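A single chain, nothing else alongside it, follows as structure tokens in the form deposited in one PDB entry.
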């Protein structure tokens, strides 16, 4: 099955998460995980009024290897690390390793990667594919007839 997420709904979830991160004063900045955390990070920055927004870029290369293309400085103290979702937590482990003192959060969370995040908004089944807004668009759809 597929879970369709529209921009409106994603924003509704982002505002819900933003309220739990209050007061905003306790945060020095936001570190968005490219590319999934970019949009959610932008919404939290707007809601919390945080202007210090940085990023962390990671790519993949028998085994799968994580490659840090771009890295945000520090250990994450006073920072919020955000990604759109946590499926298995394979990428979440790398982030935790780089930013141990950071408050890692996501919008969506499947069972397997759920223990790896400090907070999330929506629970999603392990076998369900979450279709994000940036991957979709408004186009013509033929009538069922």
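Positions refer to the first chain, counted from 1.
*Asks:* Residues without coordinates, deposited sequence, stretch from residue 61 to residue 62: is the count none, 1 to 3, 4 to 9, or 10 or more?
*Replies:* Gap between residue 61 and residue 62: 1 to 3 residues without coordinates.
*Asks:* Mean CA temperature factor from the deposited coordinates, higher in 41-49 or in 89-97?
*Replies:* So the stretch with the higher mean C-alpha B-factor is 89-97.
*Asks:* Quick one: say whether 64-72 or 108-116 has the higher mean Cα B-factor in the deposited entry.
*Replies:* 64-72 has the higher mean C-alpha B-factor.
*Asks:* Would you mind finding, among 123, 25, 135, 127, the residue with the largest C-alpha temperature factor in the entry?
*Replies:* Highest C-alpha B-factor among the listed options: 25.
*Asks:* Which third of the chain holds residue 54 when residues are ordered by C-alpha B factor: lowest, middle or highest?
*Replies:* Middle third.
*Asks:* For residue 144, does the deposited CA B-factor place it in the lowest, middle or highest third of the chain?
*Replies:* Tercile = highest for this residue's CA B-factor.
There is another form of this protein, the form solved in complex with a small molecule, and it is not shown here; the text below is about that form.
*Asks:* If you check 100, 111, 90, 78 against the small molecule in the bound PDB entry, which one has a heavy atom within 4.5 Å?
*Replies:* For this set of options, the contacting one is 90.
*Asks:* If you check in the bound PDB entry, is residue 11 within 4.5 Å of the small molecule, heavy atoms only?
*Replies:* Output for residue 11 is no: heavy atoms all beyond 4.5 Å of the small molecule.
*Asks:* In the bound PDB entry, is there a heavy atom of the small molecule that lies within 4.5 Å of any heavy atom of residue 24, even though the partner is absent here?
*Replies:* Because no heavy atom of residue 24 falls inside 4.5 Å of the small molecule in the bound PDB entry, the answer is no.
*Asks:* Can any non-hydrogen atom of residue 86 be found within 4.5 angstroms of the small molecule in the bound PDB entry?
*Replies:* Residue 86: contacts the small molecule in the bound PDB entry.
*Asks:* Would you check, heavy atoms only and a 4.5 Å threshold, whether residue 130 touches the small molecule in the bound PDB entry?
*Replies:* Contact check for residue 130: yes, within 4.5 Å of the small molecule in the bound PDB entry.
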